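Structure file data_4.pdb; described as PDB, C-alpha atoms.
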MODEL        1
ATOM      1  CA  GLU G  36       7.703 -62.735  58.571
ATOM      2  CA  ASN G  37       9.307 -62.699  55.149
ATOM      3  CA  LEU G  38      11.403 -65.747  54.215
ATOM      4  CA  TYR G  39      13.720 -63.238  52.527
ATOM      5  CA  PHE G  40      14.520 -61.622  55.874
ATOM      6  CA  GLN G  41      14.635 -64.696  58.159
ATOM      7  CA  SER G  42      17.958 -65.610  59.842
ATOM      8  CA  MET G  43      19.925 -62.546  58.731
ATOM      9  CA  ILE G  44      22.433 -62.776  61.622
ATOM     10  CA  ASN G  45      23.462 -66.345  62.352
ATOM     11  CA  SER G  46      26.924 -66.140  63.940
ATOM     12  CA  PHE G  47      28.348 -64.485  67.033
ATOM     13  CA  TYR G  48      31.610 -64.202  65.110
ATOM     14  CA  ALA G  49      30.025 -61.858  62.509
ATOM     15  CA  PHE G  50      30.077 -58.914  64.988
ATOM     16  CA  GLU G  51      32.527 -56.073  65.586
ATOM     17  CA  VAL G  52      33.206 -55.100  69.219
ATOM     18  CA  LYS G  53      35.591 -52.657  70.963
ATOM     19  CA  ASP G  54      38.713 -53.990  72.664
ATOM     20  CA  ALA G  55      39.779 -52.699  76.113
ATOM     21  CA  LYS G  56      41.724 -49.803  74.492
ATOM     22  CA  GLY G  57      38.703 -48.688  72.444
ATOM     23  CA  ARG G  58      39.812 -50.084  69.056
ATOM     24  CA  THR G  59      37.309 -51.847  66.804
ATOM     25  CA  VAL G  60      37.954 -55.588  66.573
ATOM     26  CA  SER G  61      36.129 -58.182  64.424
ATOM     27  CA  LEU G  62      35.093 -61.425  66.130
ATOM     28  CA  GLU G  63      35.716 -63.183  62.790
ATOM     29  CA  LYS G  64      39.184 -63.996  64.112
ATOM     30  CA  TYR G  65      37.528 -66.556  66.461
ATOM     31  CA  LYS G  66      35.715 -68.307  63.570
ATOM     32  CA  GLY G  67      36.449 -72.066  63.701
ATOM     33  CA  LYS G  68      37.131 -71.922  67.454
ATOM     34  CA  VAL G  69      34.970 -72.905  70.399
ATOM     35  CA  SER G  70      34.351 -69.848  72.599
ATOM     36  CA  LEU G  71      33.084 -69.497  76.130
ATOM     37  CA  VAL G  72      31.579 -66.014  76.263
ATOM     38  CA  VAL G  73      31.188 -64.536  79.767
ATOM     39  CA  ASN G  74      30.051 -61.213  81.246
ATOM     40  CA  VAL G  75      32.672 -60.274  83.853
ATOM     41  CA  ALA G  76      33.117 -57.887  86.788
ATOM     42  CA  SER G  77      36.037 -57.029  89.136
ATOM     43  CA  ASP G  78      34.118 -56.022  92.280
ATOM     44  CA  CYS G  79      31.848 -58.986  92.889
ATOM     45  CA  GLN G  80      31.660 -61.932  95.371
ATOM     46  CA  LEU G  81      32.073 -64.214  92.336
ATOM     47  CA  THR G  82      35.062 -62.419  90.751
ATOM     48  CA  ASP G  83      37.911 -64.518  92.194
ATOM     49  CA  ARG G  84      36.416 -67.969  91.584
ATOM     50  CA  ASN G  85      35.450 -67.039  88.025
ATOM     51  CA  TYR G  86      38.765 -65.563  86.930
ATOM     52  CA  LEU G  87      40.542 -68.581  88.399
ATOM     53  CA  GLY G  88      38.161 -71.057  86.706
ATOM     54  CA  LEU G  89      38.188 -69.275  83.335
ATOM     55  CA  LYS G  90      42.008 -69.131  83.458
ATOM     56  CA  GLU G  91      42.154 -72.881  84.040
ATOM     57  CA  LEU G  92      39.792 -73.644  81.116
ATOM     58  CA  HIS G  93      41.659 -71.335  78.707
ATOM     59  CA  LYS G  94      45.028 -72.780  79.711
ATOM     60  CA  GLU G  95      43.794 -76.323  79.156
ATOM     61  CA  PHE G  96      41.883 -75.993  75.845
ATOM     62  CA  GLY G  97      43.213 -72.769  74.283
ATOM     63  CA  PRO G  98      44.393 -70.844  72.395
ATOM     64  CA  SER G  99      44.221 -72.561  68.983
ATOM     65  CA  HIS G 100      40.854 -74.321  69.284
ATOM     66  CA  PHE G 101      39.265 -72.487  72.205
ATOM     67  CA  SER G 102      39.018 -69.050  73.770
ATOM     68  CA  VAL G 103      37.381 -67.374  76.714
ATOM     69  CA  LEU G 104      35.898 -64.072  75.494
ATOM     70  CA  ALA G 105      35.324 -61.772  78.471
ATOM     71  CA  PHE G 106      32.949 -58.775  78.338
ATOM     72  CA  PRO G 107      33.001 -56.548  81.403
ATOM     73  CA  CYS G 108      29.686 -55.044  82.459
ATOM     74  CA  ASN G 109      28.665 -52.637  85.264
ATOM     75  CA  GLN G 110      24.909 -53.381  85.245
ATOM     76  CA  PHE G 111      24.844 -56.066  87.981
ATOM     77  CA  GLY G 112      25.346 -54.556  91.411
ATOM     78  CA  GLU G 113      27.623 -51.903  89.871
ATOM     79  CA  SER G 114      30.360 -54.533  89.978
ATOM     80  CA  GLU G 115      32.593 -53.095  87.217
ATOM     81  CA  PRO G 116      33.016 -49.409  88.125
ATOM     82  CA  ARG G 117      36.593 -48.897  86.755
ATOM     83  CA  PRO G 118      37.499 -47.849  83.168
ATOM     84  CA  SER G 119      37.917 -50.602  80.562
ATOM     85  CA  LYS G 120      41.715 -50.285  80.345
ATOM     86  CA  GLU G 121      41.940 -50.698  84.162
ATOM     87  CA  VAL G 122      39.671 -53.748  84.071
ATOM     88  CA  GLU G 123      42.028 -55.433  81.618
ATOM     89  CA  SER G 124      45.069 -54.628  83.779
ATOM     90  CA  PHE G 125      43.185 -55.882  86.900
ATOM     91  CA  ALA G 126      42.662 -59.271  85.274
ATOM     92  CA  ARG G 127      46.242 -59.492  83.963
ATOM     93  CA  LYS G 128      47.861 -58.261  87.183
ATOM     94  CA  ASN G 129      45.857 -60.350  89.632
ATOM     95  CA  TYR G 130      45.267 -63.528  87.588
ATOM     96  CA  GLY G 131      47.789 -63.541  84.742
ATOM     97  CA  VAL G 132      45.010 -64.387  82.291
ATOM     98  CA  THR G 133      45.881 -64.282  78.605
ATOM     99  CA  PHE G 134      42.322 -64.536  77.241
ATOM    100  CA  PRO G 135      40.835 -61.358  75.730
ATOM    101  CA  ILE G 136      39.180 -58.818  77.986
ATOM    102  CA  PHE G 137      37.092 -56.570  75.729
ATOM    103  CA  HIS G 138      35.709 -53.091  76.343
ATOM    104  CA  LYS G 139      33.019 -52.702  78.977
ATOM    105  CA  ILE G 140      29.548 -53.076  77.452
ATOM    106  CA  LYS G 141      25.899 -52.733  78.314
ATOM    107  CA  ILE G 142      23.854 -55.940  78.226
ATOM    108  CA  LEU G 143      20.472 -54.918  79.617
ATOM    109  CA  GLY G 144      18.232 -52.213  78.127
ATOM    110  CA  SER G 145      17.845 -50.386  74.816
ATOM    111  CA  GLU G 146      21.610 -49.834  74.359
ATOM    112  CA  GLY G 147      22.554 -53.521  74.816
ATOM    113  CA  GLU G 148      25.683 -54.526  72.846
ATOM    114  CA  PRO G 149      24.451 -56.263  69.636
ATOM    115  CA  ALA G 150      27.044 -59.093  69.879
ATOM    116  CA  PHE G 151      25.931 -59.968  73.413
ATOM    117  CA  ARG G 152      22.201 -59.577  72.559
ATOM    118  CA  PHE G 153      22.814 -62.282  69.919
ATOM    119  CA  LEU G 154      23.746 -64.628  72.753
ATOM    120  CA  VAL G 155      20.612 -63.625  74.710
ATOM    121  CA  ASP G 156      18.272 -63.933  71.733
ATOM    122  CA  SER G 157      19.770 -67.309  70.724
ATOM    123  CA  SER G 158      19.649 -68.876  74.197
ATOM    124  CA  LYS G 159      16.549 -66.928  75.342
ATOM    125  CA  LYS G 160      18.491 -66.206  78.556
ATOM    126  CA  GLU G 161      19.396 -62.706  79.610
ATOM    127  CA  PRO G 162      22.020 -62.458  82.353
ATOM    128  CA  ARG G 163      20.663 -61.643  85.799
ATOM    129  CA  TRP G 164      24.098 -61.156  87.363
ATOM    130  CA  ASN G 165      27.788 -61.157  86.678
ATOM    131  CA  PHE G 166      29.385 -64.276  85.162
ATOM    132  CA  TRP G 167      26.663 -65.840  83.043
ATOM    133  CA  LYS G 168      28.361 -68.059  80.424
ATOM    134  CA  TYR G 169      27.516 -68.939  76.811
ATOM    135  CA  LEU G 170      29.120 -71.697  74.720
ATOM    136  CA  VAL G 171      29.633 -70.726  71.087
ATOM    137  CA  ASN G 172      30.466 -73.452  68.566
ATOM    138  CA  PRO G 173      32.953 -73.157  65.676
ATOM    139  CA  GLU G 174      30.113 -71.911  63.434
ATOM    140  CA  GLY G 175      29.270 -69.081  65.863
ATOM    141  CA  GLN G 176      26.061 -70.671  67.180
ATOM    142  CA  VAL G 177      25.166 -70.618  70.873
ATOM    143  CA  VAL G 178      24.667 -74.273  71.936
ATOM    144  CA  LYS G 179      24.601 -73.979  75.760
ATOM    145  CA  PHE G 180      24.483 -71.470  78.613
ATOM    146  CA  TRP G 181      25.329 -71.704  82.309
ATOM    147  CA  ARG G 182      24.173 -69.605  85.239
ATOM    148  CA  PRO G 183      26.926 -68.159  87.508
ATOM    149  CA  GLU G 184      26.346 -70.798  90.179
ATOM    150  CA  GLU G 185      27.426 -73.677  87.874
ATOM    151  CA  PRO G 186      30.946 -74.920  88.686
ATOM    152  CA  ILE G 187      33.703 -75.512  86.130
ATOM    153  CA  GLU G 188      33.216 -79.279  86.621
ATOM    154  CA  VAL G 189      29.875 -79.035  84.742
ATOM    155  CA  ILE G 190      31.220 -76.631  82.077
ATOM    156  CA  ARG G 191      34.458 -78.443  81.174
ATOM    157  CA  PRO G 192      32.832 -81.615  79.703
ATOM    158  CA  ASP G 193      30.960 -79.621  76.964
ATOM    159  CA  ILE G 194      34.116 -77.630  76.134
ATOM    160  CA  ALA G 195      36.269 -80.802  75.921
ATOM    161  CA  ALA G 196      33.660 -82.553  73.748
ATOM    162  CA  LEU G 197      33.355 -79.591  71.330
ATOM    163  CA  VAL G 198      37.121 -78.946  71.180
ATOM    164  CA  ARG G 199      37.701 -82.633  70.373
ATOM    165  CA  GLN G 200      35.467 -82.341  67.278
ATOM    166  CA  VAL G 201      37.271 -79.167  66.116
ATOM    167  CA  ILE G 202      40.676 -80.867  66.367
ATOM    168  CA  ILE G 203      39.443 -83.877  64.342
ATOM    169  CA  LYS G 204      37.866 -81.616  61.680
ATOM    170  CA  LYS G 205      40.955 -79.422  61.288
ATOM    171  CA  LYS G 206      43.011 -82.601  60.732
ATOM    172  CA  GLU G 207      40.636 -84.454  58.402
ATOM    173  CA  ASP G 208      39.165 -81.681  56.240
ATOM    174  CA  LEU G 209      41.192 -79.565  53.803
TER
ENDMDL
END
Rendering of file as structure tokens:
Amino acid sequence: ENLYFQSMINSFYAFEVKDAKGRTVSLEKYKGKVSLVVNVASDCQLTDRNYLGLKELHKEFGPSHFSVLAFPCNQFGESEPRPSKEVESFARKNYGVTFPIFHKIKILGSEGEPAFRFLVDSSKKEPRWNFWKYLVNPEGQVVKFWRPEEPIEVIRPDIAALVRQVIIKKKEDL
């Protein structure tokens, strides 16, 4: 390598992504928050349990110190066939979630969304289905991942522990 060019991209929150309406949004707005980043889908065996679980986590720990950041993707069993604006309304209509549902992305292949590839390259784990989960710390570093089969009961303790530290730091540091 060259030392000069090592570690050029260090934070998930450095990226721009499209929102569900197609507008460019910077993830810098989530800087200082804990984020659970998840690839989602509407037409999947796992859809219901995941939207319900993610809603519960966001309600408990969000929105000041924590967010769920949801990225729809159609690459896993073609489980997100509808347009991005419909996916967002699906989630809001059926679950009443208030966490962000971004534009549909690609994750696998040459055209993989750079922000999500950051998660993959950091964790060394590429999703193999809908609803893989990545924990991003206040500094934008990926510190943990979960496979879709892991229940909320084994995700919540890491979120609680990280959110606790954020709350203390916001209080104590200027």
Show me, as a ChimeraX atom specification, the residues that have an atom within 7 Å of range 78-84 of chain G when counting only C-alpha atoms, minus same-chain residues fewer than 3 positions from it. /G:87-88,114-115
Translate the PyMOL selection byres ((chain G and resi 60-74) around 7), as applied to the file shown, into an explicit residue set as a PyMOL selection string. chain G and resi 48-54+58-59+75+100-108+165-175+197-198
What is the distance between CA of residue 113 in chain G and CA of residue 92 in chain G, in Å to one decimal?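 Distance between the two atoms: 26.4 Å.
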Which residue, G:178, G:207, G:146, G:125, has the smallest gap to residue 158 in chain G when you use all atoms listed in the file?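 Comparing G:178, G:207, G:146, G:125 against residue 158 in chain G, the winner is G:178.
Taking CA of residue 161 in chain G as the reference point, CA of residue 126 in chain G is found at 24.2 Å.
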I would like the residues chosen by the PyMOL selection byres ((chain G and resi 153) around 12) on the shown file; could you give them as a PDB file with C-alpha atoms, keeping the file's coordinate frame?
ATOM      1  CA  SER G  42      17.958 -65.610  59.842  1.00  0.00           C
ATOM      2  CA  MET G  43      19.925 -62.546  58.731  1.00  0.00           C
ATOM      3  CA  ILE G  44      22.433 -62.776  61.622  1.00  0.00           C
ATOM      4  CA  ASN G  45      23.462 -66.345  62.352  1.00  0.00           C
ATOM      5  CA  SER G  46      26.924 -66.140  63.940  1.00  0.00           C
ATOM      6  CA  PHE G  47      28.348 -64.485  67.033  1.00  0.00           C
ATOM      7  CA  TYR G  48      31.610 -64.202  65.110  1.00  0.00           C
ATOM      8  CA  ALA G  49      30.025 -61.858  62.509  1.00  0.00           C
ATOM      9  CA  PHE G  50      30.077 -58.914  64.988  1.00  0.00           C
ATOM     10  CA  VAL G  72      31.579 -66.014  76.263  1.00  0.00           C
ATOM     11  CA  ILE G 142      23.854 -55.940  78.226  1.00  0.00           C
ATOM     12  CA  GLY G 147      22.554 -53.521  74.816  1.00  0.00           C
ATOM     13  CA  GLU G 148      25.683 -54.526  72.846  1.00  0.00           C
ATOM     14  CA  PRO G 149      24.451 -56.263  69.636  1.00  0.00           C
ATOM     15  CA  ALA G 150      27.044 -59.093  69.879  1.00  0.00           C
ATOM     16  CA  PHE G 151      25.931 -59.968  73.413  1.00  0.00           C
ATOM     17  CA  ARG G 152      22.201 -59.577  72.559  1.00  0.00           C
ATOM     18  CA  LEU G 154      23.746 -64.628  72.753  1.00  0.00           C
ATOM     19  CA  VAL G 155      20.612 -63.625  74.710  1.00  0.00           C
ATOM     20  CA  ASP G 156      18.272 -63.933  71.733  1.00  0.00           C
ATOM     21  CA  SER G 157      19.770 -67.309  70.724  1.00  0.00           C
ATOM     22  CA  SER G 158      19.649 -68.876  74.197  1.00  0.00           C
ATOM     23  CA  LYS G 159      16.549 -66.928  75.342  1.00  0.00           C
ATOM     24  CA  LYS G 160      18.491 -66.206  78.556  1.00  0.00           C
ATOM     25  CA  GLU G 161      19.396 -62.706  79.610  1.00  0.00           C
ATOM     26  CA  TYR G 169      27.516 -68.939  76.811  1.00  0.00           C
ATOM     27  CA  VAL G 171      29.633 -70.726  71.087  1.00  0.00           C
ATOM     28  CA  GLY G 175      29.270 -69.081  65.863  1.00  0.00           C
ATOM     29  CA  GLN G 176      26.061 -70.671  67.180  1.00  0.00           C
ATOM     30  CA  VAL G 177      25.166 -70.618  70.873  1.00  0.00           C
TER      31      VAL G 177
END
Counting all atoms listed in the file, which residue out of G:89, G:162, G:128, G:209 sits closest to residue 180 in chain G? G:162
Nearest candidate to residue 183 in chain G (options G:85, G:99, G:77, G:57; using only C-alpha atoms):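 Counting only C-alpha atoms, the residue closest to residue 183 in chain G is G:85.
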